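# Chains, contacts and geometry: an overview
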Amino acid sequence: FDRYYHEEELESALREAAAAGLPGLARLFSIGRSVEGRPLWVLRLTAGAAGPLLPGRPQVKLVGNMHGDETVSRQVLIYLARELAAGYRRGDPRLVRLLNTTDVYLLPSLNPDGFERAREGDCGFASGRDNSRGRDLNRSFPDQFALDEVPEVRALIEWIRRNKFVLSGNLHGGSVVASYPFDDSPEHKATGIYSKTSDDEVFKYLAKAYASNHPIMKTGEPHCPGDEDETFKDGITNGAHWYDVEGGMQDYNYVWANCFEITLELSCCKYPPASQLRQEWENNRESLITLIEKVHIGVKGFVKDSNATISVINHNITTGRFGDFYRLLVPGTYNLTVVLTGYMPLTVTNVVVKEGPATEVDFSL
Amino acid sequence: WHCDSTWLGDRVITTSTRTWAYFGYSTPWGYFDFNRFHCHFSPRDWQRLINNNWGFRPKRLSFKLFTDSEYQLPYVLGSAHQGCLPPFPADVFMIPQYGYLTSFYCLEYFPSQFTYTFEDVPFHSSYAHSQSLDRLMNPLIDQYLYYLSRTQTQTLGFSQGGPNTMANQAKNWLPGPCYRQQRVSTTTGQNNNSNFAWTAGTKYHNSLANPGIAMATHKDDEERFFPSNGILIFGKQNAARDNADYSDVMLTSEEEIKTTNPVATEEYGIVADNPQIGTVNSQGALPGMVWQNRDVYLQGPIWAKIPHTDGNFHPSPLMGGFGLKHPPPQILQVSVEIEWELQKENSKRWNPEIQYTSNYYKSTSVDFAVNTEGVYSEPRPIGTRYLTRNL
Amino acid sequence: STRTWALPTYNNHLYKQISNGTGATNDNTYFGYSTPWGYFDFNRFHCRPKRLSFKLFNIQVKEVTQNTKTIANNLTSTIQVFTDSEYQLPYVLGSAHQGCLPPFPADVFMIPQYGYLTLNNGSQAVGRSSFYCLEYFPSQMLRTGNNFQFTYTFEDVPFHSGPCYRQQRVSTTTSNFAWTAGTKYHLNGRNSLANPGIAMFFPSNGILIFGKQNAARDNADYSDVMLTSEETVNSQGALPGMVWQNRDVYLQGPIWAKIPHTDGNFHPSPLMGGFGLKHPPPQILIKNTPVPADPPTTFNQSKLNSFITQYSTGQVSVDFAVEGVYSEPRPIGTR
Amino acid sequence: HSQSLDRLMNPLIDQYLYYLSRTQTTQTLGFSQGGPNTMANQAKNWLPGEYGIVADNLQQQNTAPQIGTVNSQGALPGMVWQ
Amino acid sequence: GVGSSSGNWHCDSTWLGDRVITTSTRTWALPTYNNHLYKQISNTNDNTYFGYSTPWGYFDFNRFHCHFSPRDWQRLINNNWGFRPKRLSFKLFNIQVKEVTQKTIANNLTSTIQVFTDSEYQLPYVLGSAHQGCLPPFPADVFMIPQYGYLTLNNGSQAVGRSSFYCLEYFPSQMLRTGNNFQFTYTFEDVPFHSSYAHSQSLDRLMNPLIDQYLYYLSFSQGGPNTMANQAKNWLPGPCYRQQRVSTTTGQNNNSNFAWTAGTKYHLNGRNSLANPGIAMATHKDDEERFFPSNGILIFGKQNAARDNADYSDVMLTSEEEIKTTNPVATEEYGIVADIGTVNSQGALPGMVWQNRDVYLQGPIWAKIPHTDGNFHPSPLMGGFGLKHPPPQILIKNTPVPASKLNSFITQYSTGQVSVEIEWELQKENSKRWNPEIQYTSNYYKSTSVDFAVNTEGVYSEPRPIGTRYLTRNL
Amino acid sequence: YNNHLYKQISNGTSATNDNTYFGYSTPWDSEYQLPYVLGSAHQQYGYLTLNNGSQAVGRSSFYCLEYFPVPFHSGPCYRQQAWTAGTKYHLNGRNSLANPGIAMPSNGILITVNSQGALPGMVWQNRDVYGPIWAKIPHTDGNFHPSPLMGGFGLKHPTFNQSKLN
Amino acid sequence: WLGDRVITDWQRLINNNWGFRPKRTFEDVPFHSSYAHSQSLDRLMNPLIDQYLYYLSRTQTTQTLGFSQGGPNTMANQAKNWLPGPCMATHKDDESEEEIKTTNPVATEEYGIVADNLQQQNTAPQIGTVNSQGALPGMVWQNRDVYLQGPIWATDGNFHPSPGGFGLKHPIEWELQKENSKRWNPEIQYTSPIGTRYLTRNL
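Residues numbered from 1 in each chain as written, not as in the entry; some residues may be left out. Chains lettered and ligands numbered in written order. Heavy atoms only, no water.

Identification of chain D as Capsid protein from Adeno-associated virus - 8 is taken from the PDB entry.

Under the PDB entry, the name given to chain B is Capsid protein, and the organism recorded is Adeno-associated virus - 8. Per its UniProt entry, chain B bears the Sequence similarities (unreviewed entry) comment "Belongs to the parvoviridae capsid protein family." (UniProt positions renumbered as here; feature names shortened; annotations may be inferred.)

### Focus: the overall build of chain B
The helix and strand inventory of chain B stands at one helix and 27 strands. For 391 residues, the compact-globule estimate of 2.2 N^0.38 gives 21 Å, and the C-alpha radius of gyration of chain B, at 24 Å, lies within 12% of that figure. The C-alpha extent of chain B, read off along each of the three principal axes, is 80 × 50 × 45 Å. A buried classification covers 72% of the 391 residues belonging to chain B. Of the side chains in chain B, 30 bear a positive and 35 a negative charge, and the two mean positions are spaced by 4 Å. (Helix = DSSP H or I, 4+ residues; strand = E, 2+ residues; numbered from the N terminus. Rg over C-alpha atoms; globule rule 2.2 N^0.38 Å. Buried < 20%, exposed > 50% of the residue type's maximum accessible area, 1.4 Å probe, protein only. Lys, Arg positive; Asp, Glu negative; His and termini not counted. Charge placed at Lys NZ, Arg CZ, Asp CG, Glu CD.)

### Some details on the state of the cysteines
In a disulfide, the sulfur atoms of two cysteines are held together by a covalent bond. Under the definition given, this model contains two disulfides over all chains. One disulfide in the model links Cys224 of chain A with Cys268 of chain A; its S-S distance is 2.0 Å. Between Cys224 of chain A and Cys268 of chain A the disulfide shows an S-S torsion of about -60 degrees. By sign, it is left-handed. Highlighted residues: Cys224 of chain A in the loop between α6 (200-212) and β8 (236-238) and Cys268 of chain A in the loop between β10 (263-265) and α9 (277-293), separated in sequence by 44 residues. For the pair shown, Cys224 of chain A and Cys268 of chain A are each scored as buried. We note that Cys178 of chain B lacks a disulfide partner, and the nearest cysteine sulfur, in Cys164 of chain C, lies 17 Å from it. Since its relative accessible area comes to 0%, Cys178 of chain B is described here as buried. (Disulfide = S-S within 2.5 Å.)

### Concerning helix α2 (residues 72-90) of chain A
Residue and element names in this part refer to chain A. Look at α2: 26 Å from first C-alpha to last across 19 residues, which is about the 27 Å you get at 1.5 Å a residue. Most of α2 is tucked away, with 15 of its 19 residues classed as buried. Positive phi shows up at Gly91, right after α2, with a value of about 80 degrees. (Expected span 1.5 Å × (residues − 1).)

### Considerations on the interface of chain E and chain G
Counting residues at the interface gives 121 residues for chain E, matched by 106 residues for chain G. With both sides pooled, the region where chain E packs onto chain G buries about 10100 Å², and carbon together with sulfur makes up 52% of that total. At the surface where chain E touches chain G, the tally comes to four salt bridges. One salt bridge connects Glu98 of chain G with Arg162 of chain E, and the closest N-O pair in it is separated by 2.3 Å. Inspection of the chain E/chain G interface yields 74 residue pairs in polar contact. The leading source of residues in the side of chain E that touches chain G is strand β9 (residues 147-152) of chain E, at six residues. A breakdown of the residues in the side of chain E that touches chain G according to their chemical character gives 54 nonpolar, 54 polar and 13 charged. In this structure, strand β25 (residues 310-311) of chain E lies alongside strand β6 (residues 66-69) of chain G, joined through two bridges in antiparallel fashion. (Contact = heavy atoms within 4.5 Å. Buried area = accessible area lost by both parts, 1.4 Å probe. Salt bridge = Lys/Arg side-chain N within 4 Å of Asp/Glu carboxyl O. Polar contact = N/O pair within 3.5 Å; in protein donor to acceptor, adjacent residues only side chain to side chain. Nonpolar A, V, L, I, M, F, W, Y, C, P; charged D, E, K, R; others polar. Pairing = 2+ DSSP bridges.)

### Concerning the domain arrangement of chain B
Residues and elements named next belong to chain B. Taken domain by domain, chain B holds domain 1 (4-129 + 292-389), domain 2 (137-170) and domain 3 (176-289). Between the C-alpha centres of domain 1 and domain 3 the distance comes to 25 Å. Facing the 21 residues of domain 1 at the interface are 22 residues of domain 3. Interface of domain 1 and domain 3: buried area, both sides summed, is about 1700 Å²; carbon and sulfur atoms make up 63% of it. It is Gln292, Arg294 and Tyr297 in domain 1 that bury the most area against domain 3; as a group they hold 36% of the surface buried on that side. Linking domain 1 with domain 3 are one salt bridge, by the criterion used here. In this structure, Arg385 and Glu254 form a salt bridge, with 3.6 Å as the shortest nitrogen-oxygen distance. (Domains from an automatic or database assignment.)

### Remarks on the arrangement of the chains
Across the 16 pairs of chains in contact, the largest number of contacts is found between chains E and G. Of all C-alpha pairs spanning chain D and chain E, none lies closer than 22 Å, and the two are not in contact. No interface is formed between chain B and chain G, the nearest pair of C-alpha atoms being 22 Å apart.

### Focus on the pairing of strand β2 (residues 11-20) of chain B
All names here are of chain B. As defined by bridge partners, strand β1 (residues 4-8) adjoins β2 across five bridges and the pair is classed as antiparallel. Across the sheet, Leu8 pairs through a bridge with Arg11, a residue of β2. As consecutive antiparallel partners, β1 and β2 are separated by two residues, and within that stretch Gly9 has a phi angle of approximately 60 degrees, a positive value. In this structure, β2 lies alongside strand β26 (residues 334-344), joined through eight bridges in antiparallel fashion. Looking at the pairing, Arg11 lines up with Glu341 of β26.

### Some thoughts on the nonpolar core
With 135 residues, the main nonpolar core has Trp5 of chain C together with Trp28 of chain E as its most contacted residues. Per-element tally for this core: the top contributor is strand β5 (residues 80-101) of chain E, with seven residues. With 83 residues, the next largest nonpolar core counts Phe88, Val296 and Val366 of chain B together with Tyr63 of chain F among its residues. (Core = buried A, V, L, I, M, F, W, Y, C linked by side-chain atoms within 4.5 Å.)

### Things to note about the packing of aromatic side chains
Going through the model one piece at a time under the given rule, you end up with 140 aromatic pairs over all chains. Ring centres of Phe118 of chain B and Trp303 of chain B lie 6.1 Å apart, and the angle between their planes is 70 degrees; on these two criteria the pair is classed as edge-to-face. With respect to burial, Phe118 of chain B and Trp303 of chain B carry one shared label: buried. Ring plane angle 65 degrees and centroid distance 6.4 Å describe the contact between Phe90 of chain E and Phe182 of chain E, whose orientation is recorded as edge-to-face. The class for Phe90 of chain E is buried, based on a relative accessible area of 0%. Each member of the aromatic cluster is reached from another via a ring pair, and the members are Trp350 of chain B, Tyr15, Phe31, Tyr33, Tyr39, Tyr114, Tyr116, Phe131, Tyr132 and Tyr136 of chain C together with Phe138 and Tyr460 of chain E. In this arrangement the basic side chain of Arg44 of chain C is found over the ring face of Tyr144 of chain B, its NZ or CZ atom lying 3.4 Å from the centre. The positively charged end of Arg245 of chain E is found above the aromatic ring belonging to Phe291 of chain E, 3.7 Å away from the centroid. (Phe/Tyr/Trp six-rings, centres within 6.5 Å; stacked < 30°, edge-to-face > 60°. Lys NZ or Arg CZ within 6 Å of the ring centre and 35° of its normal.)

### Regarding the sheet that holds strand β28 (residues 341-343) of chain E
Taken together, the four strands give an open sheet; going across it, the order is β28(E)-β27(E)-β7(F)-β8(F), and neighbouring strands pair in antiparallel fashion. The open sheet is flanked by β28 of chain E together with β8 (95-97) of chain F, the only strands paired with a single partner. Strand-to-strand twist of the sheet, defined as the mean angle between neighbouring strand axes without regard to direction, takes the value 30 degrees. In the sheet, strand β7 (residues 88-90) of chain F pairs with β8 of chain F via three bridges, with the strands oriented antiparallel. By the bridge assignment, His90 of chain F is partnered in β8 of chain F with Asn95 of chain F. (Axes fitted to C-alpha atoms, helices over the stretch in contact; angles between N-to-C directions.)

### Here we look at a nonpolar patch on the surface
Together, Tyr216, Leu218 and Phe220 of chain E together with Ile109 and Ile111 of chain F give the surface a local cluster of nonpolar side chains, amounting to about 450 Å² of exposed area. Accessibility expressed as a relative area gives 36% for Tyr216 of chain E, which makes it partly exposed. (Patch = residues over 30% accessible without salt bridge, like charges linked within 9 Å, V, L, I, M, F, W, Y side chains within 5 Å. Areas by Shrake-Rupley, 256 points an atom, 1.4 Å probe, with all protein chains shown as cover.)

### Let's talk about the domain arrangement of chain D
Residues and elements named next belong to chain D. Considered domain by domain, chain D is made up of domain 1 (1-44) and domain 2 (46-82). Taking only C-alpha atoms into account, the centre of domain 1 sits 18 Å from that of domain 2. Listed by partner, the interface residues are five residues for domain 1 and six residues for domain 2. Taken together, both faces of the contact between domain 1 and domain 2 bury some 360 Å²; the carbon and sulfur share is 65%. The largest contributions to the domain 1 side of the interface with domain 2 come from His1, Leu5 and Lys44, which together make up 80% of the buried area. One can count zero salt bridges joining domain 1 with domain 2. Our enumeration of links across domain 1 and domain 2 arrives at one residue pair in polar contact. Per-class residue counts for the side of domain 1 that touches domain 2 are two nonpolar, two polar and one charged.

Okay, here's the thing in structure tokens:
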């Protein structure tokens, strides 16, 4: 399979992947329309518009082709949908438990207009980087440190606010590295400044989990034209530490939502020729799956009476419509305080996270 | 051997010397052709001409080595044929054979250096408008002319055309005529999965209307889309005779005239069918329309003979160039020296304009130069519309 | 025809980029510049032609102060006036804009601000976009004792006295189809209304509609406006043999328009009616010379931001009766 | 006229200008030089004074490129007639 | 006449043959400096000075954008091998003198302003030091006249016996009311053309790459196409004064504040001064655009850039890479001699050639050659034309109007229009080069605002520093 | 020469950096518009231009030659001493041997301070002539004593087919 | 003493003239600068107006890249058009050819500091003190003063052929250069080895 699916093709390929699994598993919908009216196709995969939200299943999204000429993400997301469906039909136990315990959202192309304006063989050493209105989708989200001109960004924002995404990663091009959030800094210096989060180590762990499984990223050296041998230790990096980006989407995802997002630069050739795409799939498949599995780390549970805020780390998260909460954490002891307005709180301390599956706890307020 | 360009005042005299060797007839005669621009202009000279002039036109040529000075022979030039003087002076070219279509014209019936003087011809617009035809108004002052803006609360409402309702303002001119062309993407996957090169081609009854009337290649942010047969497509060096790959050819882009001319792939506009609406795909000449001609290129034809018909409308060649009632006569070591009258630009624009420049970054071989094996190549078709004017 | 004019300080002596992208659908997107200059327009008939003489005299430049609005003559202040006789500026005249000389001589009118448009991709400019600094022109400066004057000679334009582009049928004897069912032309993916289109109970947008005195800027009722009347194949281009008339000129309509400098045009007569001129009367640009307030006593590299609030009056030379309000009851045709 | 408007070229010499000759191999983009054999596809400078065929729609991957017959045609640049 | 304008607005550029006449008019405001007083000013040992601040303002048009519009600059650099100023006419007209009181402003018709030109160069020449206060790049901008002040010999923050005090009121000056105008014409001396070109051949590659040499070198072998670094050569690269290499990629620099401690400077009067920008040398070698000499380049400021501690994004670096064909790289040694040793600061040697520093649209135009016994290549190091008799300083002051010497004066400022019209001579570009040259062009792609144009708030900004060397010549 | 062809010639690392070049070999000038190759003491016309390795830059010029119609001859120091220890100068990351160098050795003849530039009041002689006669002074803004270091006089002005026939 | 000519006293010559040169028949020799500069080469700028040119001033916030405008306070960091003479003044302040300390570097001390190595993340920048500096473009200097007891006058190529004294290709009436200076404060005169630089000029 080596073909760049364009408009229409996208929907056809996504629905072919949906039919490539059991019925009732996949739902392909649109979170909005681009400037030219191209739908923003999103495929939802889970056992059982977007349909009802299943209990005990964290929401995971992977928004690719967010820059128009960074299109390895688009094809690897399409192949990820196809592989998930094929594994679910074939009885792939790993993918079976993944789909049973995770509500995976895949967004192959956030900027279809820019993808259409992209030209084959352009490695990016404009080429459709912006939407058809000329605005960058990565420089349009509200910076923590006009929506009408970016309908794709507004649609993504509404989709995020309508859900309770736990783990996510947007996939990019032009390098091979996993950059974790706070993509900018208050000083807004070009490079060099380290901008850590309250969950800096958790984001480091997620970036490590993706990078170590990537054949190129695990080396920590993209070794690509116009890079000055910019060696990223461990294959991971911080946002402002790599280069300044004002209004990045992962920063909004972290600050304005419960989402934990890491930008994944899969390849340094932005629009590789079709022949290489197969290789790109084998370069990313496992890592992608790995990232989804990493949603099952930390603490998970429900808050029930006998939108509750969970506090650990100056980053609080809220519960879902079912009261479920998922806080991504690494092994160790944490002090979880649950606070609901009008419900006098509960500080359950000594919550111990073990490596692998997330720790369970049910709160009665 | 005279081969150089002398720039004197508003004139440029370019001389070039080269070494040389349906029903109709094929004569044994060979004909001399120098109807391509690169036969006279070096890429440096073409850059110098197009970066500093709002127009140019030939004045007179001198050709030294019979000629059909009365044009009694079928004028075969101007059909964009091969056999032209090579762009590279060191190249030795073979004289193309002379043949015509139909009337037997025996060439030795004619009696066998010379100088020809070009008739007064309009300057070629070596500029692209900095204003759009629908944006000639003042973006600060409303119009005193009202337009019907409302029809139901069923009622009748009129509004003054202003900066916000800019598309509703009354206007004095219309875009050029349209003869709609089928749209083809350079991104191949975006096209239909059928061979519609001929079946869906825009043709006149069934000769193909290639390249048709001068219309913009694409609108904004659509450089991948081009009219199916509405643009000039030049051949890259050592391109295939037929069935050439897209990377083996160079497509010209006429979007510089998108500010006055309609897009070649899109309709001219909407009229009233009866409240049904009809879409006009082909639009003839209307009062008040203005349109730019097709751009000339360093590789493109220079002139073409206007057919000796009873009438014509805007007799400018559809391939670009200068429409001449009496073009340079057919000529049945060679030095051709042509003089061009330049139109010097007088622009008060503050910001710098767009000039043609060679890419700074490293290249394996210099563009518009010879490669390792001594083969001269033109890497891209250099346009002529780089400076800017106002409508 | 002599009128008393007043010119204020536009944009605080600032050239301002203006833009409008996508309400404000793509057909209404524009990019351009608003200049601190006003311009003189006498392109309406109530303000063939052979020549004109333009004079600009009796200039008073008055500074206004607020505390108490006190207006005092500034005898040493100048105004810059120039005519782009080489047509090097975007010719915004001929677009039927307001700010022209009033039909009634006794009226004192406000000089419209000069702004121009340029190539745009939405609210966003392109490389071919041109920025014109009107201060980059030789402009004559005038104090209270100076007068400006020039003369212009019209070229040989034909005397003022069929191809088809079908319009929509609209009845004055009453869905909203003004824009949807209107007759428009497509240009660069921007549907622009063909008003009044080629010369042809009125068509949807194929006529000139003037406004009576005290008429709403938008959604004006039919009784508040005056329609002009010029009494299968739907679009017919020029064929060999058809003859047609031009749209009539009116006492309130435009006089001329600039034929765009283009490779080709067909019957270059303005669609609004009037005279198509390759070199129309040059647009006359007039501005109050900026008069700074007191700068600090320590040098500052930044441009001066505090100016004296100032304006300038002067005289300009180049039914149907008056609470002192002059009105034109009906549009007067020529034929 | 002893010549027709679409036969003003050389029946012996190929053109240096290419035209889109192939679109489907799957999808592709093939270009060919106008020649004596493919003389109708060859580039011209003039048009006649069913006038011809134009494109009605904008072809996409699924929309077939339907065409339209021009029964009445107005004046166009580079159009000659007797 | 109070009610009649003294002059008109002349902003234009006439391109006639090999001459370009650029005239530019601006609106200026001159306040009362130092309250009509000459004030002695004085001040680490490297930054010590003594001098006088005068109540006089001076007109500055030493920046190229004061006369050349960006389109004019493009037209000049894209078509000409060189240019030099030929003459200038300076006019000062439409003068208003106003008094502000506690607050309102009123015309003072009877008040005068003193304007003169230091045509005999008897005053300290403060122009050519790349100071602010020049005519604005944008004609619509109204500018403040900079205050005149000069320095003198100092021993720390104290004067010496040879310290010179200059009373600018001792000069003959023309007094102008609202009806008067000032004007003078100055003729530039014979100055070499500024090289508005970049060499298309490197100095070490001037030989025929097909024919061997008849001169042998100690290998013994003959210089040939293969071993070409060994061929006999007639010329050497220009002199070098090595600079510290700083990477725009801030992660590639040392983690120390070496800007002053490790910067390249010269020692004079026991007082180290930064050799900025130093002698003309290549900013970097090829494929090394991220490196620049620590203080060996001209660094202009973007619009709204901070005066102190402006980040790299707020400034624009100028690169002298186009003289890498002849000038040795600033950050890298001149060569290797025997003792082997590495030569870092090389003086002038017979047979060496070197290109001068480029001039920029935002950069200086000229500088006064100091009146010294000797000088080697008297060309300004920041670029431009070295003039023994440059355009004279035009000093302007508001004549005090009093309200022991009188101390209280009427708080008074002045405004007016200033026109400078410079005629420059051009070198026509006459090259047989076949491939197209490199021209300066604006970016074609869509941009939120037009470069070298006003923004939505009415602020004119120059996005990048436009060089001057775009066309090519052979060595 | 070259079978009447202009052949692009070059040399990169895949020799050494100091010997990299790019230019054109022609099959072969009163205004001095061609690259002046005389004065380099050579034993066919070919010229060099700007290069970055074996490949040219955008500033490189291609010249088609078919596109064409002092004081009487009788001390600064740059110390001399085969290649590693040789006295060489540096220009654009390319060590070039300073042979013969300034007139006064490993590369100093025609076959403490060690490098002293010009100072006021110091005198020197030019290298003798045996040998080259003249050399073109490069057209440059500045030059100090523009004499040829190799010796001589520094002169400021010293069936049809479209394919080309083979 | 007749106008600009004197036919041969030393005090009168040095106290009232900017330069002098022998006439007879001497060839045209440049006027010997009999004046000490009233301005120093590093202090030719306006002490009230900042420079529009920026200079690197800051490298540690970690690693940063900071630029500042040359001003009256950061005066040594300002961009300058000229360099001192090659390395010549006898001594610096409070330590005879001292009149030329404004333009010529001190003889007993270095010309300046250049960069020695090429810095990276791991190599600290190194400095090299230049002791013998040759001719550089844009550098200016004064000649050694003549004295009442000193000498008057004294190849294929030479650089600035000045002895102290007059550099004559072919080695008494002296043409003088009348001082025309609007210096306000009284000048320094010789009063009772007699130097020659007593009057002052600007650079």
